[PDB]
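Notes follow once the structure below has been shown.
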Amino acid sequence: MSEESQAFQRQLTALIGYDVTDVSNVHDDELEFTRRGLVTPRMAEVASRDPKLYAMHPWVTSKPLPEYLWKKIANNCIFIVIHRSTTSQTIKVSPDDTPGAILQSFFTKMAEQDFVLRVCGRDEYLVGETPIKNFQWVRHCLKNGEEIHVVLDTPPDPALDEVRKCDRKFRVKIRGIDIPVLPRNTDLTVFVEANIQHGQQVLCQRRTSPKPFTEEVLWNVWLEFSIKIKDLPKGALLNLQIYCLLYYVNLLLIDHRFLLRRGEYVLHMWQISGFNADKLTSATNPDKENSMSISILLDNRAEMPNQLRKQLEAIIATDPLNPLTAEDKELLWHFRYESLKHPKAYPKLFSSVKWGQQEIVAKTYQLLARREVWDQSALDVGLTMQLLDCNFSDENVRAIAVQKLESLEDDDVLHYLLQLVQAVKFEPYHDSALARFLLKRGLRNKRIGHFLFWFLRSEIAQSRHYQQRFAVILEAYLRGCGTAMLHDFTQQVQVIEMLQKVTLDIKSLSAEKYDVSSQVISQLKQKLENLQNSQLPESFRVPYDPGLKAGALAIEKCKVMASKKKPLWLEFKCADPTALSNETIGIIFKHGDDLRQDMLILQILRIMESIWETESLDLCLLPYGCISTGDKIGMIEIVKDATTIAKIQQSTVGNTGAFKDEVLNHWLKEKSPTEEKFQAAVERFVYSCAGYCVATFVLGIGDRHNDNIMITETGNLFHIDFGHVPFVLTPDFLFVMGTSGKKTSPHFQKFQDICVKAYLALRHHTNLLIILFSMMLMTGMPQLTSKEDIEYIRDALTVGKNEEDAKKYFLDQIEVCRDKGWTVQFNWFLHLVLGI
Ligand SMILES: CC(=O)Nc1nc2ccc(-c3cncc(S(C)(=O)=O)c3)cn2n1
């Protein structure tokens, strides 16, 4: 309302990367009515959250403790070490011992209860009445089986968490277009195309008379559609598309209020080149110079026979991307209530609901009137997401899913945070039950609120079609999470803006081909000194690792990796005085890359291992951290003590000269200090390899540029860059099992058996993996075919083929590999250096 209360706005913006008060892509005020429509949702939670509990965010699960670890509780008890300065006693603890209570046997049994347990090094806290074993720092420690180092210090000041308090038939008059600069070849023709849409189910389709392309065409032509006015389903999208195809733009038919839209509109259009989710937007081209601008006028019980119920659960058991027939659609829609009893039919039910009719929609709501089983039913997350995807426009159906997501402990939302944040490009309006459920859970704790942030900031920054929508949603969150949190976002905003002024100053002097002249590194450091003068603030949180405080600059260790694009190998002194070791913080800082792709893939992989935990299985997939910090630029985790599969073959055998086999087995032997740990690492390698097969194959990215498979000095391995044979299983890996070439041994005997037992494990979940993939492509990738590319995963998971068929299929897929050798990788070798 005044001078100091207007300076707040010039900050938020600087942090969002878009001025939410700038009006230059706006035919109305859904804009505000979203922001406003969010004050309540915000400060409703803001208040509701326990302030001490917000500030101490104790990462806690409630899932059953893993059988490979619960059995692995050898002595049947746990041990915890606690520090001060010098003194640091070790303590015996029971898998019941409250993290609160383990001081009532340390301040009474060793000697008042106002200091809490932290973790040595991190911004973590172990507080609350949920057993030790239910802490995800502890689990992750015991999983890998480490010592547990705590340091006693005050509950942090949660006073900083302070918040800055007619009715017949539809028509539309297409009036013209303008595209100022047009020249390319010679004479072409053009026409517009208006469609009624309710979730890519296209109620109608209409054309105009083809008039030759001059720079400023005209028609003045109405478009009398077939379907009625009252029979228009909410979340009606009017698709407008110029054909030559060519250009595209959209308009919601119904208003966010409810008003059937009216008036004159100078909507600007996006260009197309050569489907994708980024094609169902409510926002237009915010450049009013080189864009096309179309001008318009708007002036307005169920019980049945046997071989029907049978020839129906058939339709139930079908995978999600399996087609449905008019034949199908009727059987379902008819048995409606008999179709409710099985939740495993819900997407498939509402798909079979053409929403043209007024009457049907109301009957469809009488279907929800007795939502009965769905509410009381076992939560299956896949079946839930499947309802929040591309296909459903109805602001009631999408609400039935969110309703079921409500019941998820943080550690689960965290697993799925990415794809639901991506899934907002799909709710048809702005203000939406999910859009909120996001803002909600994200204020309910801290650790969601962080990841939320850069997830939003990633899409606000590079993705034009959603910067409006996401910038509103974010702005709403940033205001209401307290400067306490908000002064770490400030840190991390300055610091990458610093790590840009340089990355792009170094990006200046590139000859072209892979090189790093003195010239370029000499300056790398010399630059860093002015980022070391009143511009970095002491430290900053590691974007991908919330609790990690990256601090001071190791300028002597920063470099510029020879790689094609020029990243920066930077390292950082952890600013935590109560650390435990002394390796710094290596962080790759690339640029010229869109990261949302790599980033989304880690969240697949993870889910794949969380799935395997329910089967009681481990495969060691090391999915490093990665984040899209701003525009065509981000930063990636540096996994200490690892190397590439490329450098190794390079380090024993010559330039490209052949590919010797045993090479690999020694590299480990020579990095194993103890006589044992060569077996202990082989234990970790075989398990680690098997996952980067099932997964690398299911996702269908298993044959990868030779230079891009990595491996820790500790047996474990992990595929790195996901820039762009069923899977990489090269002869040397086979030799690390005990097979020189098509034989079997007590470790390979295991290899086969692990992949498969895991493949069926992952198969017993078919549906989930598909509804990801589909969303994953829609929100992430280029020009994916709404069949072809979307399909592949169907084959990989081989729906239908009963267990004994697929169990062989994978065992034989290993054979598909075990017949090619290096011939693949060597073809990737000579793919480099003279192969036009
Ligand atoms: C010891 C080491 O170098 N470890 C390590 N860990 C990782 C994890 C990820 C990546 C990486 C992943 N994607 C892309 C890149 S880049 C800098 O080529 O764009 C690098 C590279 N490394 N390197």
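Naming scheme: A, B, ... for chains in displayed order of the structure tokens; residues 1 onward per chain; ligands 1 onward as shown.
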Within 10 Å of ligand 1, counting only C-alpha atoms and all ligand atoms, residues as a PyMOL selection string: chain A and resi 560-569+586-593+595+598-599+622-626+634-644+707-713+718-723
DSSP strand (DSSP E or B) residues within region 42-121 of chain A, as an MDAnalysis selection string: chainID A and resid 60 78:83 90:93 116:118
Grab the residues selected above and save them as a compact mmCIF listing (two decimals), in the first residue's frame with C-alpha atoms.
```txt
# COMPACT_ATOMS: atom_id res chain seq x y z
CA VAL A 60 9.65 -39.58 8.15
CA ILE A 78 20.50 -49.82 16.47
CA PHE A 79 23.38 -47.52 17.45
CA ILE A 80 23.52 -43.69 17.37
CA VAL A 81 26.45 -41.30 17.91
CA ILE A 82 25.95 -37.77 19.27
CA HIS A 83 28.51 -34.91 19.28
CA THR A 90 27.83 -43.81 21.14
CA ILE A 91 24.47 -45.23 22.27
CA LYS A 92 22.56 -48.53 22.04
CA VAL A 93 18.95 -48.05 20.81
CA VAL A 116 16.94 -31.27 19.75
CA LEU A 117 18.86 -33.89 17.73
CA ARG A 118 20.28 -32.71 14.40
```
Shell of 12 Å around residue 490 (chain A), only C-alpha atoms, local chain residues under 2 positions omitted, as JSON, numbers by chain: {"A": [11, 12, 13, 14, 15, 16, 453, 478, 483, 484, 485, 486, 487, 488, 492, 493, 494, 495, 496, 497, 536, 537, 539, 540, 541]}
Exercise: residue 799 (chain A) partners within 8 Å, only C-alpha atoms, chain neighbours under 3 positions left out, as an NGL selection string: :A and (319 or 766 or 794-795)
Same residues, N, CA and C atoms, output as a short mmCIF file (atom, residue, chain, number, x, y, z; two decimals), in the first residue's frame:
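And here's result-v7.cif as it stands now:
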```cif
data_model
loop_
_atom_site.label_atom_id
_atom_site.label_comp_id
_atom_site.auth_asym_id
_atom_site.auth_seq_id
_atom_site.Cartn_x
_atom_site.Cartn_y
_atom_site.Cartn_z
N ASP A 319 -5.08 -52.86 -20.50
CA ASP A 319 -4.16 -51.79 -20.17
C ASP A 319 -4.75 -50.44 -20.58
N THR A 766 2.33 -52.99 -14.21
CA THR A 766 2.24 -52.57 -15.61
C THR A 766 1.65 -51.18 -15.77
N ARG A 794 4.48 -50.33 -23.98
CA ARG A 794 3.53 -51.45 -24.05
C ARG A 794 4.27 -52.77 -24.36
N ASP A 795 5.12 -52.72 -25.39
CA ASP A 795 5.87 -53.89 -25.84
C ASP A 795 6.87 -54.33 -24.79
#
```
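Using only C-alpha atoms, the contacts of residue 519 (chain A) at a cut-off of 12 Å, with sequence neighbours closer than 6 positions omitted, comprise residues 506, 508, 509, 510, 511, 525, 526 and 560 of chain A.
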Would you mind exporting the chosen residues as an mmCIF file, in the first residue's frame, restricted to N, CA, C and O atoms?
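part-v9.cif written:
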```cif
data_model
loop_
_atom_site.group_PDB
_atom_site.id
_atom_site.type_symbol
_atom_site.label_atom_id
_atom_site.label_comp_id
_atom_site.auth_asym_id
_atom_site.auth_seq_id
_atom_site.Cartn_x
_atom_site.Cartn_y
_atom_site.Cartn_z
ATOM 1 N N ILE A 506 32.623 -17.419 -20.612
ATOM 2 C CA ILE A 506 33.501 -18.495 -21.048
ATOM 3 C C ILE A 506 32.959 -19.071 -22.361
ATOM 4 O O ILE A 506 33.727 -19.488 -23.234
ATOM 5 N N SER A 508 31.905 -17.532 -24.695
ATOM 6 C CA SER A 508 32.360 -16.617 -25.740
ATOM 7 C C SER A 508 33.457 -17.227 -26.619
ATOM 8 O O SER A 508 33.250 -17.413 -27.820
ATOM 9 N N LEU A 509 34.602 -17.558 -26.010
ATOM 10 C CA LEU A 509 35.828 -17.934 -26.743
ATOM 11 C C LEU A 509 36.009 -19.436 -27.044
ATOM 12 O O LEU A 509 37.036 -20.029 -26.699
ATOM 13 N N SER A 510 35.017 -20.034 -27.702
ATOM 14 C CA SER A 510 35.104 -21.424 -28.152
ATOM 15 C C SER A 510 35.476 -21.499 -29.633
ATOM 16 O O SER A 510 34.758 -20.968 -30.486
ATOM 17 N N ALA A 511 36.600 -22.154 -29.926
ATOM 18 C CA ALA A 511 37.042 -22.401 -31.304
ATOM 19 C C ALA A 511 35.985 -23.178 -32.089
ATOM 20 O O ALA A 511 35.568 -22.747 -33.165
ATOM 21 N N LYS A 525 39.078 -18.698 -13.284
ATOM 22 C CA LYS A 525 39.451 -18.318 -11.921
ATOM 23 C C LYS A 525 39.403 -16.802 -11.716
ATOM 24 O O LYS A 525 38.801 -16.327 -10.750
ATOM 25 N N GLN A 526 40.035 -16.056 -12.628
ATOM 26 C CA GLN A 526 40.122 -14.589 -12.544
ATOM 27 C C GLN A 526 38.756 -13.911 -12.489
ATOM 28 O O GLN A 526 38.600 -12.866 -11.846
ATOM 29 N N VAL A 560 36.763 -26.160 -16.538
ATOM 30 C CA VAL A 560 35.884 -26.006 -17.692
ATOM 31 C C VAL A 560 36.012 -27.256 -18.552
ATOM 32 O O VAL A 560 36.895 -27.346 -19.405
#
```
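The residue that comes closest to residue 380 (chain A), out of A:307, A:104, A:767, A:208 and on the basis of only C-alpha atoms, is A:767.
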Residue contacts of region 692-702 of chain A (8 Å, only C-alpha atoms) excluding same-chain residues fewer than 5 positions away, as a PyMOL selection string: chain A and resi 605+608+621+718-719+725-728+755+758-759+773+792-793+796-797
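From CA of residue 46 (chain A) back to CA of residue 437 (chain A), the distance works out to 13.5 Å.
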Contact residues around residue 369 (chain A) with only C-alpha atoms at 12 Å, ignoring same-chain residues under 4 positions, as a ChimeraX atom specification: /A:337,340,362-365,373-375,396,400
Selection to disk with N, CA and C atoms, as a tab-separated table (two decimals), in the first residue's frame:
```tsv
chain	number	residue	atom	x	y	z
A	337	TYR	N	-23.58	-48.98	-13.01
A	337	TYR	CA	-23.48	-49.27	-11.57
A	337	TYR	C	-22.74	-50.56	-11.27
A	340	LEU	N	-19.17	-49.60	-11.36
A	340	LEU	CA	-18.62	-48.90	-10.20
A	340	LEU	C	-17.84	-49.82	-9.26
A	362	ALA	N	-25.29	-35.15	-16.45
A	362	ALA	CA	-26.07	-35.24	-15.22
A	362	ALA	C	-26.20	-36.68	-14.73
A	363	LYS	N	-26.35	-37.62	-15.66
A	363	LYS	CA	-26.39	-39.05	-15.32
A	363	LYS	C	-25.02	-39.47	-14.80
A	364	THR	N	-23.98	-38.88	-15.38
A	364	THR	CA	-22.59	-39.11	-15.00
A	364	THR	C	-22.30	-38.59	-13.60
A	365	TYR	N	-23.11	-37.64	-13.15
A	365	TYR	CA	-22.97	-37.07	-11.81
A	365	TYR	C	-23.77	-37.89	-10.81
A	373	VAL	N	-17.62	-47.10	-3.44
A	373	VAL	CA	-16.40	-47.91	-3.33
A	373	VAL	C	-15.12	-47.09	-3.54
A	374	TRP	N	-15.10	-46.21	-4.55
A	374	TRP	CA	-13.90	-45.41	-4.85
A	374	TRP	C	-13.34	-44.68	-3.63
A	375	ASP	N	-14.21	-44.08	-2.83
A	375	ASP	CA	-13.79	-43.39	-1.61
A	375	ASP	C	-13.13	-44.33	-0.59
A	396	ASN	N	-14.85	-32.23	-12.36
A	396	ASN	CA	-15.37	-33.08	-11.30
A	396	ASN	C	-14.65	-34.43	-11.25
A	400	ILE	N	-12.06	-36.28	-8.38
A	400	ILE	CA	-12.20	-37.56	-7.66
A	400	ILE	C	-10.84	-38.15	-7.36
```
Separation of CA of residue 548 (chain A) from CA of residue 123 (chain A) in Å: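 Result for CA of residue 123 (chain A) versus CA of residue 548 (chain A): 6.4 Å, one decimal.
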Length of the CA of residue 225 (chain A) to CA of residue 353 (chain A) vector [Å]: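 Atom-to-atom, CA of residue 225 (chain A) to CA of residue 353 (chain A), that is 20.9 Å.
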